[PDB]
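Shown next are two forms of a single protein chain, provided one at a time as structure tokens under the names structure 1 and structure 2.
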Structure 1
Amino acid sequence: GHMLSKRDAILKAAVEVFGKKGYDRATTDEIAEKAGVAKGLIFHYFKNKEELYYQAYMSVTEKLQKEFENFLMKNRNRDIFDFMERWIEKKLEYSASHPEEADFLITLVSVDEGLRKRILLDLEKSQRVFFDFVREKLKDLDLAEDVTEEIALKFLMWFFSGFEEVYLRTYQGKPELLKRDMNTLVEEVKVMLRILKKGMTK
């Protein structure tokens, strides 16, 4: 019976403690105890706590990216609002089923600005897949002749990404509550995208 590589064990423990305590409050002593490794092995694979946080972050966002690209490739031809609605439903389900990953991702706010910036630069190339897709699909739309593709794209991304942020924070450490509110959230999201569509297009 094979176990996790020592690297993946550290990363899973990292995802857990960081998510619980936050970056600043978490200790690599604790992450190592939790991983069932000697304090010094964190140093071998990672060098320092900042680098641990960073690889942990890339490792989780890499998982998410694969999910997304599969979804993209299957639902590419959909109407852009239908696309987003469906995608949000899917992220809602991931989050309730992967609460430790969820709690961890939302910790990106509380890290020193230089660490956070590094992550967003190294992440820009992947987040631009969804961004370029929407920008593309917006061309197939009848935009209200006071609304720029720029404003539409801006509004749409901000709805999409702030919604993520709002529920992750509201339901941090409370997965069963998210699950209880799932159906309502999905229906609220539906109407909201229908408001954007209507207000946004001719």
Structure 2
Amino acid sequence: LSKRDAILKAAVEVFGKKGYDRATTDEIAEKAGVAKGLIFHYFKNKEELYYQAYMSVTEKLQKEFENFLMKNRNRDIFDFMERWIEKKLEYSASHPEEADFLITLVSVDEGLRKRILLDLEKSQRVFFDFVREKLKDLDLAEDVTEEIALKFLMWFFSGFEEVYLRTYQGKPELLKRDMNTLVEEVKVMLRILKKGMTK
């Protein structure tokens, strides 16, 4: 682990534990075992240190997804999304530091938040292209257009995300306990969407 990656790892930890405003770069330096000045050497400032840590974790989740897609790209779209969500949930239960960090975007400077949100869209494009490509392969039911199927899926995914955050954020042991229940619920809900959207 280079000093730059140890700094980024330390920043993920400290930012997630203290939030963006209470976290100091001193704390991050010590946690990384590096000299305070090196943070400013590798990152212009606290904003940019936060940005690049955000990018770095977003990068790991992209590789996670590229691996999974490659392995699972031939599955039915609903089977694919079910397995992906189960992978996502398992990642978060084993990566509580990264999960706590990701949620601090909320608390951040307006411009930083904007810059990061636009980068989040770019990082996920391949997922959303794949999804809408695969929705074009379904024999959709009467009056279900691809745009409708996709809106539905997004409304649903957003709702689920909200409940995940409301219920499991900062509670990795609770997510582990509930993991079988969540994965089963999700399998069934996507089966519902499958049965109702297709003929």
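Numbers follow structure 1, counted from its first residue as 1. Here, rigid core means the biggest group of C-alpha atoms that superpose within 1.5 Å across both forms.
With the two forms fitted on their core, the C-alpha shifts between the two structures stay under 2 Å for all of 54, 68, 45, 160 except 160. Once the rigid core is overlaid between the two structures, residue 124 counts among the residues whose Cα shifts by 2 Å or more.
Superposition of the core reveals a Cα shift of 2 Å or more for residue 169 between the two structures.
After superposition on the rigid core, the Cα of residue 147 moves by 2 Å or more between the two structures.
Taking the core as the fixed frame between the two structures, we note the C-alpha of residue 78 moving 0.9 angstrom. We note a C-alpha movement of 2.0 Å at residue 113 between the two structures, with the rigid core held in register.
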